[PDB]
Amino acid sequence: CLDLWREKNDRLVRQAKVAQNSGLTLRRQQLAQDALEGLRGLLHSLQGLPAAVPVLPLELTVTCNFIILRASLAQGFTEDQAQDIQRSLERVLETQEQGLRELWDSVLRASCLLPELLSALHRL
Amino acid sequence: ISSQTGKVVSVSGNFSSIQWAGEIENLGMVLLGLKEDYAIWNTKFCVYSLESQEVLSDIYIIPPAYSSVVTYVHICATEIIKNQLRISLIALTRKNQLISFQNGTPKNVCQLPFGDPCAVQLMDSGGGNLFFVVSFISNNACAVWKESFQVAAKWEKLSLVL
């Protein structure tokens, strides 16, 4: 099933890049806000699972793509993206509380345990 | 206890939950549930032909990942490829999610507004305007689209639904 979610990610990222390269001012944003909702739904489906060590390197990937695409289209950031990151990191921890600064302290000690998703963490 | 029997019969097998039950083509009476990782064919959830009869399927039910969260099941159709079988079935979770399954393939998840969903029914409502009607213990309810697992309306206080 990881493969399916993985496939979806793949598909929609490629669809977004296609919109990035090709497209008119409207059709670009149409396929982009399509991919956006794809990634939302995927997020929610994976956010519906408990933890899953093998899922996190994907979920974090997904949240990152989400935020990027979110912020790129908004042409600007927001605090929902902080809460998105909040959620992602909290999930990371709930595999193995206070606020972003102590979370990150505990997170980066949790990464010095050496789960191979650092590629994603460093992107976060 | 059946009419036609009139006796207190015990279930031979040792289950936790009976999320679903009912009659199926070729089988007569059936219970879903369990006994005691990302493979569709692993499934963690035993069918049981009632009257201490065969487990009948451990092949194409929902993944074990979901087995920790699912609180209720509602089957929507049952096809038979060979001796095995194929069920397309809706679940819902403690995590406020409503999921579709086709041969145990997780497809078409929606995220519910409210907390502690109880049950789901199916509303026809004309040609293909099919709604899954979700109840909660919180005395509120959703009508979610089929075609697009997407909340249509989400009413509140709702002493009862019919």
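You'll find the structure just up there.
Here we summarise the structure given alongside this text.

1. Quick look at the environment of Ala-91 of chain B
Residue and element names in this part refer to chain B. Examined against the element boundaries, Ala-91 turns out to sit in strand β5 (residues 86-93). Assessed through its relative accessible area of 1%, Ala-91 is described here as buried. For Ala-91, the contacting residues outside a window of four places in its chain are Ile-62, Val-70, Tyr-72, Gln-97, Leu-98, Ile-99 and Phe-101.

2. Here we look at helix α1 (residues 2-21) of chain A
All names here are of chain A. The first and last C-alpha atoms of α1 sit 28 Å apart over 20 residues, in line with the 28 Å expected at 1.5 Å per residue. For α1, every residue scored as buried is listed here: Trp-5, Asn-9, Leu-12, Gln-15, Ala-16 and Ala-19. Across the axial projection of α1, the buried residues extend over an arc of 135°, all falling on one side. When the buried face of α1 is taken as reference, the exposed residues oriented beyond 90 degrees from it are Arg-6, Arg-11 and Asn-21. Downstream of α1 by a residue or two, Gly-23 has a phi angle that is positive, lying close to 90°.

3. Some thoughts on the layout of surface pockets
Each pocket or cavity is described by its volume, and for the largest pocket that value is around 840 Å³. Around the largest pocket, the lining comprises 28 residues; the ones closest to its centre are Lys-8, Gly-41 and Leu-42 of chain A together with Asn-108 and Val-109 of chain B. Mapped onto the lining of the largest pocket, the elements with two or more residues apiece are α1 and α2 (25-47) of chain A together with β7 (106-111) of chain B. The element that contributes the greatest number of residues to the lining of the largest pocket is α2 of chain A, accounting for 8 residues. For the lining of the largest pocket, the per-class residue count stands at 9 nonpolar, 11 polar and 8 charged.

4. Structural notes on the environment of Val-69 of chain B
Following the sequence through the fold, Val-69 of chain B ends up in the loop between α1 (64-67) and β4 (70-79). Placed 24 residues apart in sequence, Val-69 of chain B and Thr-93 of chain B show a C-alpha to C-alpha distance of 5.0 Å.

5. Describing the side chain of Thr-63 of chain A
Summarising the element assignment, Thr-63 of chain A is placed in helix α3 (residues 56-74). Filtering out sequence-adjacent residues up to four positions away, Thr-63 of chain A remains in contact with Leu-43, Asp-84, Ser-88 and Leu-124 of chain A.

6. Details of the pairing of β5 of chain B
Look at any regular strand and the pattern is simple: side chains alternate between the two faces of the sheet. All names here are of chain B. Burial runs high along β5: 6 of the 8 residues are buried. Sheet topology places β4 next to β5; 8 bridges connect them, and they run antiparallel. Within β5, the residue paired with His-74 across the bridge is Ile-90. Hairpin geometry of β4 and β5 is characterised by an intervening segment of 6 residues between the two adjacent antiparallel strands. Here β5 runs beside strand β6 (residues 97-102); their pairing, made up of 5 bridges, is antiparallel. Considered in β6, the bridge of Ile-90 is made with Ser-100. Hairpin connection between β5 and β6: a loop of 3 residues separates the two successive antiparallel strands, and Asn-96 in this loop has a positive phi of roughly 55°.

7. Considerations on the pattern of salt bridges
Residue and element names in this part refer to chain A. Tallying each qualifying case throughout the model produces 5 salt bridges over all chains. Across the pair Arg-70 and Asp-80 runs a salt bridge, and its minimum N-O distance is 3.5 Å. Of this pair, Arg-70 sits in helix α3 while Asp-80 sits in helix α4 (residues 80-95), placing them 10 residues apart in sequence. For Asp-80, a relative accessible area of 39% gives the class partly exposed. Across the pair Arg-109 and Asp-105 runs a salt bridge whose closest N-O atoms are separated by 4.0 Å. Of the two residues, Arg-109 and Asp-105 both sit in helix α5 (residues 100-111), 4 residues apart, roughly one turn of that helix. Residue classification places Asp-105 among the partly exposed residues on the basis of a relative accessible area of 33%. One network of salt bridges, in which partners are shared, links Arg-101, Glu-102, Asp-105 and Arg-109.

8. Considerations on the packing of aromatic side chains
Residues and elements named next belong to chain B. Scanning the model with the defined rule gives 6 aromatic pairs over all chains in all. Ring centres 5.6 Å apart and planes at 85° place the aromatic pair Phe-15 and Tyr-48 in the edge-to-face group. Centroid distance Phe-114 to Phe-136: 5.6 Å. Interplanar angle 75°. Geometry classified as edge-to-face. Here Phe-114 is found in the loop between β7 and β8 (117-123), whereas its partner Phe-136 is found in strand β9 (residues 131-136), with 22 residues between them in sequence. Pair check on accessibility: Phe-114 and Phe-136 agree, each one buried.

Rules of the game
- Along every chain, residues receive numbers from 1 upward following the written sequence, which is not necessarily the numbering found in the entry; those without coordinates are excluded from display.
- Just so you know, chain letters begin at A and ligand numbers begin at 1, following the order they were written in.
- These chains belong to a larger assembly; all numbers given describe just the chains displayed.
- Calculated side-chain values reflect all of the structure's heavy atoms, with hydrogen atoms and water omitted.
- Helix and strand definitions here come from DSSP, where helices need a minimum of 4 consecutive H or I residues and strands a minimum of 2 consecutive E residues; each element is numbered from the N-terminal end.
- The rule is simple: take the accessible area with a 1.4 Å probe, protein chains only, and divide by the maximum for that residue type; under 20% is buried, over 50% is exposed, in between is partly exposed.
- Here a residue-residue contact requires only that any non-hydrogen atoms of the pair lie within 4.5 Å.
- Here a helix's expected span is defined as the number of its residues, less one, multiplied by 1.5 Å.
- Directions drawn from the helix axis to the C-beta atoms are what define this arc.
- Each cavity reported here is a set of points on a 1 Å grid over the protein atoms alone in which a 1.4 Å probe fits but cannot get out, each pocket an open set with protein on both sides within 12 Å along at least five of seven lines, and each lining residue one with an atom within 4 Å of a point.
- Grid points are joined across faces, edges and corners, and a volume is the space filled by probe spheres set on the points.
- The classification used treats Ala, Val, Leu, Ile, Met, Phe, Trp, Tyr, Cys and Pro as nonpolar, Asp, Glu, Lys and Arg as charged, and all other residues, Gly among them, as polar.
- Whether two strands pair comes down to DSSP finding at least two bridges between them.
- Any carboxyl oxygen of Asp or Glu that lies within 4 Å of a side-chain nitrogen of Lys or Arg is treated as forming a salt bridge with it.
- Stacked, tilted and edge-to-face are the three classes assigned to paired rings of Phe, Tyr and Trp, where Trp is represented by its six-membered ring and a pair needs centres within 6.5 Å; plane angles under 30 degrees give stacked, over 60 edge-to-face, the rest tilted.

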